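**Q** Opening piece of the complex, as it sits:
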Amino acid sequence: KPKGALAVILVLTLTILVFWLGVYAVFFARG
Amino acid sequence: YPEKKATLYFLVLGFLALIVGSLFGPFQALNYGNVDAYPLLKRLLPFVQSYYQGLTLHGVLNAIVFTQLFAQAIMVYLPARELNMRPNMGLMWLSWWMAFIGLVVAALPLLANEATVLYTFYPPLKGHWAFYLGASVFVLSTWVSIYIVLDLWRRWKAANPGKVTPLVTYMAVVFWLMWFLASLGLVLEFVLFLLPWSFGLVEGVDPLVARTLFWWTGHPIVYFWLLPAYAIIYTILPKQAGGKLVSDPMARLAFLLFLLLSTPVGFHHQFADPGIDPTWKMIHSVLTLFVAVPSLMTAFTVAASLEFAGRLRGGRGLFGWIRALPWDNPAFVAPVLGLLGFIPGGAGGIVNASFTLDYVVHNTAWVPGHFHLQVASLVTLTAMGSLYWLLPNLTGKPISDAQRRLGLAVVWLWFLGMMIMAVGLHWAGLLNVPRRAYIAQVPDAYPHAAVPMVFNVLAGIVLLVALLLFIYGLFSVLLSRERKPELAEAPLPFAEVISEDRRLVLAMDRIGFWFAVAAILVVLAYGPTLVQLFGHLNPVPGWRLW
């Protein structure tokens, strides 16, 4: 299994999600 | 090999544009850190009248001129060298000259404070006709490039009936056809509107139509910036890393998606514009999320290939492959670091695309935070790395150990400055600091931003040093006396491909068809809205407010 490639797409997924759910929170807080 | 000389001319002119464009960035970083260094800059560069003139130059020279010259260098030369065929030289030199000429023409009013619009030059803000004219000529240079590469591909296909297009040439064909569709928005906006208006021929321009036409090009132009770096990242970097590209088909699929999805999306720059129906904003929003796919895809293909290389080179465990990679080679380091910063870059872009979430970040410092990660860091760093393999190939000039070490410093400093700046800009942007603002001249206006403002000051000083080291570096390699013809004669370090199911590759090679589809999508996504707007034009007078 390409374990490194998986870690990279882990970090990328986490990053997307912290960014997206983060901004979604801010959206509703300002709504 | 007269294509080497023309390629060289594109790369060097690009790099000159990037250097001059970049002079203004530390000043702008300092400004987003509440520090006014403009008086110093106007001592050194007395023709500069305002922060905004600086900002136009920076935008135009870095994001338009450099990126284009790079694209034109890379996506002509590489396919030519993979096919082992000579580009039409009279055409190649023609494109360089259009590029140089349109650059000199747009430069004159820019340097003389007659076009302090931005790089978006939004009507009714009205610049000097020479700005529009020269920018036009500069960008049409690319239609010649498209021709050049279409020719090469047909000459090849003819000589090799029944074969699939080789990888790099496949990349370049789909890339240039994408860019041709994409560019029609701006050529439309320019020809029907900006030019006549700047010439005095019509009184006003409809700002909404101007913006809609603009952003037709304004999105896919950033994929036009990226894809040259991707071609490198895909077909070259796996060799430099010590491995191979893990899949030719996955690399074609990514590029094919860019062809299909790069252009029908521009309303994502217009989530805050009046007069555009929300249902269309949602359609574009979805289409924008889809265009994130070839990069999600790229993330995995490229990550697996670097891991592969690292495993070949002896690394083991979950991080050993990282450690095992050639971190002493700036040509490997520069794109890889760019890729790392592309993770938060693309996360921010996915935020910008969600229709409603854009109201949080739109026109704030968030957006420069997103894009410096994408273009000022990944594309630029990848171009910077090509110094260390592309240049020797083009010139026979050797890279000394000293120069290799300096290159490592530039590439890490440049990367680090861009990460630090990215934190300062995202965060300031979340605090509501506007982009495109001489905010240091209102020092008491953004008190809640004091913390990310420290990051911008730092970033500005780190990127000043990175840039000064780049200039000394770039000129060391260009100005050195020696020429060893074994560097000039050596092959481009094209990767080998681990192998490919042919079904998929054949389908993807029906380029005429995919091109037609891409063209239909643009009609479906832009037709209805442009027909309504063109039916209801409200042209308005122009203004100089500088």
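**A** Yep, it's here. Numbering: from 1, shown residues only, chains lettered A, B, ... in the order given.
**Q** Residue B:361 and residue B:448: what is the separation?
**A** In this view, residue B:361 and residue B:448 are 16 Å apart by Cβ to Cβ, to the nearest Å. No exception for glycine: its C-beta is placed from N, CA and C like everyone else's.
**Q** between those two, who's got more neighbours?
**A** Using other Cβ atoms under 10 Å in any protein chain shown, the more surrounded residue of residue B:361 and residue B:448 is residue B:361, with 23 against 10.
**Q** Roughly how far does the residue nearest to that one when sequence neighbours are not counted sit from residue B:343?
**A** Computed as Cβ to Cβ, 6 or more residues apart in numbering or on different chains, the closest residue to residue B:361 that is not its neighbour in sequence is residue B:429, at 5.8 Å. For residue B:429, the distance to residue B:343 (Cβ to Cβ) stands at 18 Å.
**Q** The two: which is more packed in?
**A** Neighbour totals were compared for residue B:429 and residue B:343, and residue B:429 leads with 26 against 20 (other Cβ under 10 Å).
**Q** Quick check: what element follows the helix or strand containing that one along the chain?
**A** Assigned by DSSP states H and E, residue B:429 belongs to helix B:401-430. Where DSSP H and E defines the elements, the next helix or strand beyond helix B:401-430 is helix B:450-479.
**Q** Which helix or strand lies directly C-terminal to that next one?
**A** Beyond helix B:450-479 toward the C-terminal end (DSSP H and E), the next one is helix B:485-488.
**Q** could I have that following helix exported to CSV, CA atoms only?
**A** Only the C-alpha atoms of helix B:485-488 are listed here, as CSV (Å, rounded to 0.1, in the frame of the first residue of the first chain):
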residue,chain,number,x,y,z
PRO,B,485,28.3,21.4,-24.8
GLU,B,486,27.6,18.1,-23.0
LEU,B,487,25.0,20.0,-20.9
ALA,B,488,23.5,21.6,-24.0
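**Q** which strands and helices sit next to the helix or strand that it is followed by?
**A** Next along the chain after helix B:485-488, taking DSSP H and E as the criterion, comes helix B:502-508. In this structure, helix B:502-508 packs against helix B:248-261, with contacts taken as 3 or more Cβ pairs under 8 Å, 6 or more residues apart in numbering or on different chains; DSSP states H and E.
**Q** helices or strands up against the helix it packs on?
**A** Secondary elements touching helix B:248-261 (3+ Cβ pairs under 8 Å, 6+ apart): helix B:167-182, helix B:220-235, helix B:278-291, helix B:293-312, helix B:502-508, helix B:511-535.
**Q** Buried by neighbour count: which residues of the fifth one qualify?
**A** Neighbour-count burial for helix B:502-508 flags B:505, B:508 (criterion: 16 or more other Cβ atoms under 10 Å in any protein chain shown).
**Q** what about it, distance to the chain center?
**A** Helix B:502-508 sits 29 Å away from the centroid of its parent chain (Cα atoms, centre = their mean, to the nearest Å).
**Q** next one: the fourth one
**A** For helix B:293-312, the distance from its own C-alpha centre to the chain's C-alpha centre is 21 Å (Cα atoms, centre = their mean).
**Q** check whether that helix contacts chain A.
**A** Yes - applying Cβ under 8 Å from any Cβ of the partner chain, one finds helix B:293-312 touching chain A at B:296, B:299, B:300, B:303, B:304, B:306, B:307, B:308, B:310.
**Q** Dump the C-alpha coordinates for that helix into PDB.
**A** Extracted C-alpha coordinates of helix B:293-312, given in PDB (Å, rounded to 0.1, in the frame of the first residue of the first chain):
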ATOM      1  CA  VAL B 293     -11.100  17.300  -9.000                       C
ATOM      2  CA  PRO B 294      -8.100  17.100 -11.400                       C
ATOM      3  CA  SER B 295      -6.000  18.600  -8.600                       C
ATOM      4  CA  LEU B 296      -7.300  16.300  -6.000                       C
ATOM      5  CA  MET B 297      -6.400  13.700  -8.500                       C
ATOM      6  CA  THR B 298      -3.000  15.400  -9.100                       C
ATOM      7  CA  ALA B 299      -2.400  15.400  -5.300                       C
ATOM      8  CA  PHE B 300      -2.500  11.600  -5.200                       C
ATOM      9  CA  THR B 301      -0.800  10.700  -8.500                       C
ATOM     10  CA  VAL B 302       2.200  13.000  -7.700                       C
ATOM     11  CA  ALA B 303       2.300  12.000  -4.000                       C
ATOM     12  CA  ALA B 304       2.500   8.300  -5.000                       C
ATOM     13  CA  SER B 305       5.300   9.000  -7.500                       C
ATOM     14  CA  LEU B 306       7.400  10.900  -4.900                       C
ATOM     15  CA  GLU B 307       6.800   8.000  -2.500                       C
ATOM     16  CA  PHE B 308       7.800   5.600  -5.100                       C
ATOM     17  CA  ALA B 309      11.000   7.600  -5.800                       C
ATOM     18  CA  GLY B 310      11.800   7.700  -2.000                       C
ATOM     19  CA  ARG B 311      11.200   3.900  -1.700                       C
ATOM     20  CA  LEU B 312      13.600   3.300  -4.600                       C
END
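**Q** throw chain C onto that model:
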Amino acid sequence: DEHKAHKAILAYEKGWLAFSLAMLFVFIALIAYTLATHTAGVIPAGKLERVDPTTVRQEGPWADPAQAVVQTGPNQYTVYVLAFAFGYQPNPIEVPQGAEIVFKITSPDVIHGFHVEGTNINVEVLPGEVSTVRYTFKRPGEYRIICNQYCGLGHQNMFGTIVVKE
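**A** Adding chain C to the chains above:
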């Protein structure tokens, strides 16, 4: 080895591509949600509403900033904002808390931003066009309007105020 590296990398890639798709789709669902709620009020009206930027200060609802706030429903107010080089009229804009407010903003000169600090209101303002956006202020007090679209040298100091009364 390459034989084994090849199909294994591709097999996991297929998984990754499916997951990432699912995540994209989830965001689409979550966006569509926002679209069904009061928070979507801030999306501009899609409809073209054309005006003449050259006479907008002389006649029509932007001509008299002190009557710009018009009650248009039992709990609704329409506000005619002018965003111009380099300010906003009226100043301040004064509105009751808890009322739905329909901002109808235009420009007599060049494009301006209309960014209401602390809210989702963030709309480009185009000369010749009226931008229409909707918001309810839940909290009383003072909200700064920011211009976030470069409009010339007066840009960095173009600010406005909205006061929301208890």
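**Q** once more on what packs on helix B:248-261, this time with chain C?
**A** helix B:167-182, helix B:220-235, helix B:278-291, helix B:293-312, helix B:502-508, helix B:511-535.
**Q** would a markdown table of those helices with distance to chain C be doable?
**A** Putting the helices and strands packed on helix B:248-261 into a markdown table (distance: least, Cβ to the nearest Cβ, whole Å) gives the following:
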| stretch | distance to chain C |
| --- | --- |
| helix B:167-182 | 16 |
| helix B:220-235 | 14 |
| helix B:278-291 | 5 |
| helix B:293-312 | 4 |
| helix B:502-508 | 11 |
| helix B:511-535 | 7 |
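**Q** now the ones you listed in a markdown table, with distance to residue B:109?
**A** Listed next are those as a markdown table, based on distance: least, Cβ to Cβ, whole Å:
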| stretch | distance to residue B:109 |
| --- | --- |
| helix B:167-182 | 26 |
| helix B:220-235 | 22 |
| helix B:278-291 | 33 |
| helix B:293-312 | 37 |
| helix B:502-508 | 44 |
| helix B:511-535 | 29 |
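**Q** Identify whichever of those helices lies nearest to residue B:254.
**A** Among the helices and strands packed on helix B:248-261, the nearest to residue B:254 by Cβ to Cβ is helix B:293-312 (4.1 Å).
**Q** Next, the contact list for the residue most central in space within chain B, please.
**A** Per Cα atoms, centre = their mean, the C-alpha nearest to the average position across chain B is that of residue B:225, at 2.7 Å. For residue B:225, the contact set (Cβ atoms under 8 Å, 6 or more residues apart in numbering or on different chains) comprises B:63, B:67, B:70, B:71, B:375, B:379.
**Q** what are the ranges of the helices in chain A?
**A** A:3-29 (DSSP state H).
**Q** Tell me the buried residues in stretch B:504-524?
**A** Buried residues in stretch B:504-524 (16+ other Cβ under 10 Å): B:505, B:508, B:509, B:511, B:514, B:515, B:518, B:521, B:522.
**Q** Can you give the distance of that stretch from its chain's centre?
**A** With Cα atoms, centre = their mean, you get 23 Å for stretch B:504-524.
**Q** And the residue of the stretch 351-500 of chain B closest to chain C?
**A** residue B:363 (3.5 Å; Cβ to the nearest Cβ).
**Q** Tell me, how many residues neighbour the closest residue in space to that residue that isn't next to it in sequence?
**A** Distances taken as Cβ to Cβ, 6+ apart place residue C:148 nearest to residue B:363, at 3.5 Å, with adjacent residues excluded. Neighbour count for residue C:148, taken as other Cβ under 10 Å: 27.
**Q** From chain B, how far out is the residue of chain A found nearest chain C?
**A** Distances between chain A and chain C by Cβ to the nearest Cβ are smallest at residue A:31, namely 3.8 Å. Noted for residue A:31: a distance of 9 Å to chain B, by Cβ to the nearest Cβ, to the nearest Å.
**Q** for chain C, what spans make up the helices?
**A** Under DSSP H, chain C gives helices at C:2-35.
**Q** need the residues of the stretch 401-546 of chain B near chain A, please.
**A** Checking the stretch 401-546 of chain B against chain A by Cβ under 8 Å from any Cβ, the hits are residue B:430.
**Q** Which residue is it, in the stretch 401-546 of chain B, that comes closest to chain A?
**A** residue B:430 (6.8 Å).
**Q** so that residue touches residue A:25, yeah?
**A** No - counting by Cβ atoms under 8 Å, residue B:430 stays clear of residue A:25, with 11.0 Å between them.
**Q** Looking at these two, which is more packed in?
**A** Neighbour count, other Cβ under 10 Å: between residue B:430 and residue A:25, residue B:430 has more, with 19 against 11.
**Q** mind giving me a markdown table with the contacts of residue B:225 and columns for secondary structure?
**A** Below are these laid out as a markdown table (DSSP: H, G, I helix; E, B strand; the rest coil):
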| residue | secondary structure |
| --- | --- |
| B:63 | helix |
| B:67 | helix |
| B:70 | helix |
| B:71 | helix |
| B:375 | helix |
| B:379 | helix |
